[PDB]
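A.B. asks: Below is a structure I'd like to ask you about.
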Amino acid sequence: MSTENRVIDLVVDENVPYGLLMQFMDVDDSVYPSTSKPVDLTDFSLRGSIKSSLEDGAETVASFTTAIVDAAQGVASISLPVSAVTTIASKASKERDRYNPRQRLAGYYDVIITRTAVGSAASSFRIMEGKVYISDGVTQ
Amino acid sequence: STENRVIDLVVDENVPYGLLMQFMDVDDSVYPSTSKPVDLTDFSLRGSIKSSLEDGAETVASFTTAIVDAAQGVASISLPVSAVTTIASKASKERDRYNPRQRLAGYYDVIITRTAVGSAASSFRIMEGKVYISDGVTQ
Amino acid sequence: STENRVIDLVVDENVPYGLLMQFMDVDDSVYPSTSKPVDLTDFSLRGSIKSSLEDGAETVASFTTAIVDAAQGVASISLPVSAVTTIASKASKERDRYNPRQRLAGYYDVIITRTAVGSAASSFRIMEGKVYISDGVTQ
Amino acid sequence: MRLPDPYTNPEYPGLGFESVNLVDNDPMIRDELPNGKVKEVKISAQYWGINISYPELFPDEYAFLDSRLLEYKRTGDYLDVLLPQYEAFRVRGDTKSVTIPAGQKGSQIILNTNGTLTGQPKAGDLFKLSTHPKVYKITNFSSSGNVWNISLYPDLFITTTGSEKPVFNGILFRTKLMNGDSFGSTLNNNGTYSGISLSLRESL
Amino acid sequence: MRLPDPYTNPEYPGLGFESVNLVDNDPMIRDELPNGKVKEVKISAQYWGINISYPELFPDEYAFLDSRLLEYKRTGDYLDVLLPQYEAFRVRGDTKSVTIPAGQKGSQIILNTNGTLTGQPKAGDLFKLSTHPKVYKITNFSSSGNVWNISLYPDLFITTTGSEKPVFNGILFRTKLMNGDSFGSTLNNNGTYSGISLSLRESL
Amino acid sequence: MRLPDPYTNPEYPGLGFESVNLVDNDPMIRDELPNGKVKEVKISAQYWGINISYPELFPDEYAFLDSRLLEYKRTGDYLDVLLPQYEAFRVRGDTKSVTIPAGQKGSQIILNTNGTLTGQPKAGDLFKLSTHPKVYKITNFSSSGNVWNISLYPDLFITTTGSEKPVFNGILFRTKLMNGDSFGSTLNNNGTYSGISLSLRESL
Amino acid sequence: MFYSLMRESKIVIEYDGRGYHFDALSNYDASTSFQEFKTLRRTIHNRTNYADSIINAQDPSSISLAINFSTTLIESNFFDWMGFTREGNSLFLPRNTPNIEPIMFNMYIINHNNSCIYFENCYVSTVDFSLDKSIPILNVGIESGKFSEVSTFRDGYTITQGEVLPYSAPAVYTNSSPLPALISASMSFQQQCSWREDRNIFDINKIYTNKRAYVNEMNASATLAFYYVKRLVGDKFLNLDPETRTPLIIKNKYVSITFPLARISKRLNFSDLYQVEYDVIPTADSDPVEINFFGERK
Amino acid sequence: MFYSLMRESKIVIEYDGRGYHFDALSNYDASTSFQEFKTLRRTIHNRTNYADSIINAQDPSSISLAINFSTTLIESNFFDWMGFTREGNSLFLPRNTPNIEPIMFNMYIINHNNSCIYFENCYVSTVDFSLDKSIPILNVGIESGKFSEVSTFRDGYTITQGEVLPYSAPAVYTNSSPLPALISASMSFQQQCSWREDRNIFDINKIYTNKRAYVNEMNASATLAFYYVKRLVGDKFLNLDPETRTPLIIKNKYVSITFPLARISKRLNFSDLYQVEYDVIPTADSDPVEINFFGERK
């Protein structure tokens, strides 16, 4: 669980604006089971990006247009428009997944949350990572 | 030291690193969960990272240590973003076929020490292992 | 039970070493074994670290015995950081199989002794094994 | 006195209930009318009954246990027990600054925490007044800010005098043994006392 | 008050009825003459007896069930029991425009449905009046136009006043929990409660 | 007279106690008032009941055991029974220089050891006076210097005359064999005797 | 049409909303079945020949996986899911079982053409591996409550097992004194749960699937096989007497199972070359059993 | 160090203070083990995971020897020790079991470097050999109560088995009329004793070893396999009817087991060539069963 915990995969659907809804919540388990409270997300900015490969020279195929829908309650949203989805689909590998032919590899992604504030606690964390896949479509 | 307690640190690229310890001695013979946070007053931990596990190795980075809470037992081992960038520059490029995000940077240790008047050197090693860099794309 | 005198010591490079022996006398006549500690009177411990068992082997270092809290039986064996450096200097360049940080530095054994407590020199070996240096990174 | 258990004596893990039976004993004048209606009148006091079963006890653990039980039989006092399934510490805080207004009888009770307690006692948990040794059982809970309205299965044996303090943790049943007259322990060739069990019964 | 079942509370699947036992209790004085003729005499009423069995119960399921049972024993209410096998919906419509002629004290209900009800009740189903809690079983049913001729096993416990309304669906047994004088449940060392049984009796 | 055990007679290993049963027999008159208060009354004495079970016995083992039992029944003596689990030697020394103040008729022995005894007795051990055959169990022990405060389960069956001497080790139960009215043992076709049980009672 | 080949499959375990695709899988075995209630109502009126069988429950599935050790140590999550407490890369056997119910997770067995079998309410009930002169492999055994066929699924693109760890000879120690003439060290860990069948009359005319279970016990065990070797006449260290408490460790270059205090029973076989067999279990008051997972360079 | 090879061993049986070294031993098998009392005290307070196991008894050992026939006939002592009465070189099955307890003896399994395993309180519980078209060999089965490791031992330098007897074809007779078409004559003799466990509370905290046993029964049995052969139509001598009493003898050039009166049950198998199988036991009032041991020249 060194890195296994903060990694999930996203599959953006072609010809559809992709929007992922996130809900931060401070869950307390060590002290006592079944205790969870939302994280006050004021001043907790988000930013993410997608690249084709992990090399030093990599192409920025897209970038999430993150937004904090609710300042309190720890609700945030990372989303990208239809043009970004089309760019990802065009700039994706032609090798199809065998177990799911509609999915093809697009690239890698990360999400960093920057809690810049007046208090000298301008920390940064990488809360997400993984691979980005494109699911082909025909309805156009 | 603790040869059986080796843990490999993972530092994210483009992100300042932070790791916090808790020195908290226990005695559960009287009753389970009898743990008292150790006073860390006049304790100063320090460490380093070197490329190879031998003499003459080139130092990669030194952790910016601190004592967050004295007498509460919460120490912190950390280093800023520029040091992480230096580690990423110095890290090897033998990427694994199935963990293409992690590269080996070097080996690390940190030593806690007592600098109390009326006492002597009490250096002791508490961490040991390797430093792995996780690649990043969002910069 | 039987005998377990053979235990291997892993000392850390660049860090002073100190071991704390809680001497004890367990007896299993009664089902809850008696926790009576031995009483440390007229007791001295001696231990040298010598590379290999062959005769004439050079003395790599020598343990420094400390006797504290004689009533409850505990005792301490230690050696300064300079002794640690002298040990690490003569250690072999081949590393242990299970840990790529340890290197065989020599052999050791500590010998308890009663000096005319009853007009008898009742000295017998306590423990034994191999001493392993663990290469550090901090210095 | 206190019945030994792994909480009081952790060095004896053999002590501790292998299975505990918490029975409800409310005598009632039940009458089955010829028209189909069942009429029952509660007159006799209710009392919790505790049936404790012990696992294989080694000779030293049984020596401690029967020493404590024989001290009970000798000095003649009551024997307190602490059921561990009801030891979920769901209410933090100190209850000295909690006032229970006087003149309250029946199942319902009203107590004012004055903004001191943290945690909500859910239904099914135990409850006990500071003065009287009776042990109740919360059946429903409803709070309006600081004031708490608790409904207890057995009606309050004594009317609150305005000084009784709530006890939401560490509740002990003031019980009496019911197996004392003929209490035998068998020793096996394996070296353990097998089938040790107690039939306790709350007194008053 | 409704007994918890996996209709209202499906989050506790252990609260389902592992096996129900609908007992027909109609005490009679039966005498057998030497001439081979057996003679019976009926005075007392007939009451439906329901016996519920339960599987091993987790702490939360037992907590909910015990809280409900203690609430029952506190308020002295009447447990309502729903049998799924008797919940086949045949008669549908409004039961307010149907009229029952008064003065019917036998073992047979004659009602004019006034064409407001669709379907027909089947023999062996459960039938109940809206003004009395006793539950009846339809032993025979003949329909001649809009007037229905429903035959019931228990003799009508009330004389119809003309305001009663037949109830065919959603019928509950207004039971009272027997064996509550000594009610308990043993908690095993694995955390599950075992040995829980509800002997209920229809206290109309 | 001593009951044959594999201490005195190890050549007959079948004479060992396969399972002992130390029964606490203290008859009391227990009455439960309707107000929930259980009340007890004690008049009769407490007697330790010992039940011995045996495995299959070879002809020589049974011959020895039967000869001893018939010698008992002939001379009308008292069988002495030794329990190995109660033979832990804690208190060692001379019990003749220790003094017990007279007039002690309660359930507690205060004795001045006069520094002649090493070690301390443990709770739950077996204790006995030198002038009476009744066997006591130590329920509590507090030592303040040389004077010991030993607490015993059975109330002192004698009033100390000042000449009694405490006995901690080598304690035997002066039992009398019950169920001797119909005492037998079946001999199987394979030559071994089976079905031998000794129900002994402490006849002080 | 589409046939389903075992070699063309992918097993993904769904826990906490993340897919753990367990690559480096040597072999897996699974089966699905249903429970029936078949009664024959032969009467004096009609001595019938046709039974009254209705399918009313899903028999719990027993899935067994054989997984090679890997450099990313995803396989230690099986110890993590089975109940062991975690500190760093070492797994402790807790003194007491933490919770009444086990840790439940879902599992997918993916195949080509959107074909899948969805096992739900699974728990890890057995994990055992033999440290021997062949490549170590841990056979895990999980039990499911409900199986289903689904079109879309969860596929662990990122969370996957790395390269298999190179072979390294096992060695068992007492403190630091090696035990000579090792043959095969087999370790076994279990979470002996039990299904709580709550099939009731409200499930009549419906298919019932087991959902909840409770832990009867957890344990750690090891069977050690040696050659009967003695160094002295009347030796004290190596003999057949039982050892009530002795510190033992079955060590490898990549894994080390530690018994702080062990109860050893010995068994001698007069075979072609005499072999002694140990039966190692932790004692009553022993400290938690350790299981370290070293990826590379310890 | 010193390994222990089965081929480099010597089995000496100690009876009456004399060592009977049983050479001409084809193969032997033995095992030693201990009995444990392992209970898990899971309580509502602490649902523990660590058992309470104590070793308190030695499981009785089951040693099996396969011994070739020899010219000095030391192997007949196994019949002698198992309970048969002796007259000359012939062993009788007594009408009644002589004593309640069997004949106890100790056994050593010697090996190089003063290594030994000492089985004590042994008794011969089974002896069976098959007279067939292969070299006859009698597999004896003894049960021990206590096993131990000793430094010095007893070695039978003089009392030893001679050269193995040459093969000779078996033949079964009725009086003096041969029975045709023999396949395999298997003889079985047993002393079905039982251990009398007397583990009591005085043995707590000690290892218990079985010491005394009693004889449930002795018996002599033989299973004869023939080919279904008939010489006449409706033959009377050779058929499938049971024979309540008939004198039988399974004879060889070096051994002859005699049943003065036998109870024969027949069983026909419709195999490739029809085979009948006998089940020969002595009758109720039959004279003692004979077992003659001819070394050479009868």
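As given, the protein sequences belong to chains Q, R, S, Z, Y, a, I and G, one line each in that order. The deposited numbering numbers the first residue of the first sequence as 1 and each following residue consecutively. The deposited numbering numbers the first residue of the second sequence as 2 and each following residue consecutively. The deposited numbering numbers the first residue of the third sequence as 2 and each following residue consecutively. The deposited numbering numbers the first residue of the fourth sequence as 1 and each following residue consecutively. The deposited numbering numbers the first residue of the fifth sequence as 1 and each following residue consecutively. The deposited numbering numbers the first residue of the sixth sequence as 1 and each following residue consecutively. The deposited numbering numbers the first residue of the seventh sequence as 1 and each following residue consecutively. The deposited numbering numbers the first residue of the eighth sequence as 1 and each following residue consecutively. Beta carbons: idealized from backbone N, C-alpha and C, even for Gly.
1. Spell out the partners DSSP gives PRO178(I) in its beta bridges.
2. Thinking just about the alpha-carbon of each residue, which of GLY107(R), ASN5(R), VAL11(R), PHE44(R) is nearest to the one in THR139(S)?
3. Counting contacts by CB-CB distance shorter than 8 Å, is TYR32(Q) in contact with chain I?
4. Alpha carbon to alpha carbon, how far is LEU179(I) from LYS131(R)? Give it in angstroms, no decimals.
5. Which residue marks the beginning of the beta strand (DSSP E) containing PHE226(G), and which one marks its end?
6. Going by DSSP in three states, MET107(I) sits in which element: helix, strand or coil?
7. Cβ closer than 8 Å: which chain a residues qualify as neighbours of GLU143(G)?
8. Would you decide whether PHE270(G) is buried or exposed? Buried here means 16 or more other CB atoms lie within 10 Å of its CB.
9. For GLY19(Q), which three-state DSSP category applies?
10. Mind checking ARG174(Y): buried by the 16 CB within 10 Å criterion, or exposed?
11. Bridge partners for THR35(Q) per DSSP, in chain order?
12. DSSP three-state call for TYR72(a): helix, strand or coil?
13. The beta strand (DSSP E) with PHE79(G) in it runs from where to where?
14. So what does DSSP say about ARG6(R), is it helix, strand or coil?
15. Where does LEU33(Z) land, buried or exposed, given buried means 16+ other C-beta within 10 angstroms?
16. Work out the CA separation of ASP94(Y) and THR161(Y) for me, nearest whole Å.
17. What span of residues does the beta strand (DSSP E) with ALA76(S) cover, start to end?
18. Compare the beta carbon distance of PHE44(Q) and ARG98(Q) with 8 Å and say whether it is the shorter of the two.
19. Say whether chain Y places a C-beta atom closer than 8 Å to the C-beta of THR39(G).
20. Taking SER83(Q) as the reference, give the member of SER63(Q), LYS37(Q), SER120(Q), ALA117(Q) with the closest Cα.
21. Could you pull the start and end residues of the beta strand (DSSP E) that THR160(a) belongs to?
22. If you follow the beta strand (DSSP E) that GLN161(G) is part of, which residue opens it and which one closes it?
23. Less than 8 Å separating the beta-carbons of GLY14(Z) and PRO55(Z)?
24. Are the beta-carbon atoms belonging to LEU105(S) and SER93(S) less than 8 Å from one another?
25. Is it a yes or a no for the region 114-126 of chain Z touching the region 78-97 of chain Z, going by three-plus beta-carbon pairs under 8 Å?
26. Which runs of the alpha helix (DSSP H) at least 4 residues long sit entirely within the region 43-103 of chain Z? Give them in chain order.
27. Would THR126(G) and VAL140(G) be called neighbours here (beta carbons separated by less than 8 Å)?
28. What are the partner residues of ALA71(S), as DSSP defines its beta bridges?
29. Which residues in the same chain have their Cβ closer than 7 Å to the Cβ of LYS42(Z), if we skip the five residues on either side of it in sequence?
30. Looking at the strands, I want to know which residues DSSP matches up with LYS39(Z).
31. According to a CB-to-CB cut-off of less than 9 Å, which residues of the region 106-117 of chain R neighbour chain S?
32. Using the DSSP secondary-structure output, state which residues sit across from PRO282(G) in a beta bridge.
33. How about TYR214(G) and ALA57(G): do their beta carbons lie closer than 8 Å?
34. Identify each residue in the region 110-144 of chain a for which the Cβ-Cβ distance to at least one residue of chain Z is less than 8 Å, and report them in chain order.
35. In the DSSP assignment, what residue or residues form a beta bridge with residue 300(G)?
36. Span of the beta strand (DSSP E) holding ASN100(Q)?
C.D. replies: Taking the definition as stated:
1. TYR173(I)
2. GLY107(R)
3. no
4. 31 Å
5. 213-227
6. strand
7. The premise fails here: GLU143(G) is roughly 17 Å from chain a at the closest Cβ pair, so nothing lies under 8 Å.
8. exposed
9. strand
10. buried
11. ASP28(Q)
12. helix
13. Counting along the chain, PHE79(G) falls outside any beta strand (DSSP E), though it belongs to the alpha helix (DSSP H) covering 77-82.
14. helix
15. exposed
16. 19 Å
17. First-last of the beta strand (DSSP E) with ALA76(S): 75-80.
18. no
19. no
20. Residue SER63(Q) is the option with its Cα nearest to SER83(Q).
21. Bounds of any beta strand (DSSP E) do not take in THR160(a), whose DSSP letter is neither H nor E.
22. First-last for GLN161(G): undefined, no H or E at that position.
23. yes
24. yes
25. yes
26. Entirely contained in the region 43-103 of chain Z, the alpha helix (DSSP H) runs reaching 4 residues are, in chain order, 59-75.
27. yes
28. Paired residues: none, contrary to the question.
29. Hits under 7 Å: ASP26, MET28.
30. BP columns for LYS39(Z) point to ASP31(Z).
31. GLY107, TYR108, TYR109, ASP110, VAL111, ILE112
32. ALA262(G)
33. no
34. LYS122, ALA123, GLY124, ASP125, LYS137, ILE138, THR139, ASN140
35. Shown here, chain G extends from 1 to 298; a query on residue 300(G) therefore has no answer.
36. Looking at the DSSP string, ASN100(Q) is not in any beta strand (DSSP E), and its letter there is neither H nor E.
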